[PDB]
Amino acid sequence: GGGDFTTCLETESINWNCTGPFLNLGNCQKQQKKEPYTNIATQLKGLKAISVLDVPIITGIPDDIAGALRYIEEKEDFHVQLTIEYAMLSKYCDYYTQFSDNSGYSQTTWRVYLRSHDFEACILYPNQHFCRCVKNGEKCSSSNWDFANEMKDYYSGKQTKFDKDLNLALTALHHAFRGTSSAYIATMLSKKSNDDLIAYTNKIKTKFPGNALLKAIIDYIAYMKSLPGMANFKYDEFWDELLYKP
């Protein structure tokens, strides 16, 4: 249920087990988070995972996390982006294990996004368990229950609203899993590979079963994908920028 870094370097096209949360790391002690990127590049070079030519791209990772994620997602090539992300996860080795529960430094951005904005359907049907889970941290264990089909019926003749709400869920997921995960989601979206997209998000939910809000947003994405609005769904255009170069 994970991918090795060198094995991932051998593969030609991005796949689920070569995205951030599924990369096999190790420990993760206090010391490694202190390590600067020069040391991590030197480690990767000494193991012959990378060559000298690849050391600068690692040493140019900005020291702050927000800048590091922008730097990673700027890359247009699968193996380069993967190498950078792996260096960063070698410094912040708990970046994605933090997603196992309901808090942590790397979760704040996506949670802040999801809870600060509003779904169109939740504004009209705030008693739905999905909405109560997003807004109040309430009823999360039954979040995937569409009471009286209100949500489904609500979206029925409302392509634009379906598009807004599903894009808000996917934008939250983008903020959760920046970098290779988002390049993979972008790839599937651009090809309308809806079944593969749900397969990947379901793998994320299986990876982090202790993360209640994440489970709710993933179930919601699968629900929207089952609705008639999906056939004409128009994803937000920022995704096209996250695609890799031909």
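Numbers follow the displayed sequence, beginning with 1.
Novice: Between 170-178 and 82-90, name whichever shows the higher mean Cα B factor according to the PDB entry.
Specialist: 82-90 has the higher mean C-alpha B-factor.
Novice: So which stretch wins on mean C-alpha B-factor, 201-209 or 46-54?
Specialist: Mean C-alpha B-factor is greater for 46-54.
Novice: Per the coordinate record, which of the options 226, 232, 19, 24 holds the highest CA temperature factor?
Specialist: The listed residue with the largest C-alpha B-factor is 24.
Novice: Looking at the C-alpha B-factor of residue 61, is it in the lowest, middle or highest third of its chain?
Specialist: As the PDB entry reports it, the C-alpha B-factor of residue 61 lands in the highest third of its chain.
Novice: State the tercile, meaning the lowest, middle or highest third, of residue 101 with respect to the CA B-factors recorded for its chain.
Specialist: Lowest third.
Novice: Consider only the C-alpha atoms of the modelled residues in this chain, order them by B-factor as the entry records it, and name the third containing residue 155: lowest, middle or highest.
Specialist: Middle third, going by the recorded CA B-factors of the chain.
Novice: Going by the recorded CA B-factors, say which third of the chain residue 218 sits in, lowest, middle or highest.
Specialist: Ranked within chain, residue 218 CA B lands in the lowest tercile.
Novice: Can you work out whether the C-alpha temperature factor of residue 113 puts it in the lowest, middle or highest third of the chain?
Specialist: It falls in the bottom third of the chain.
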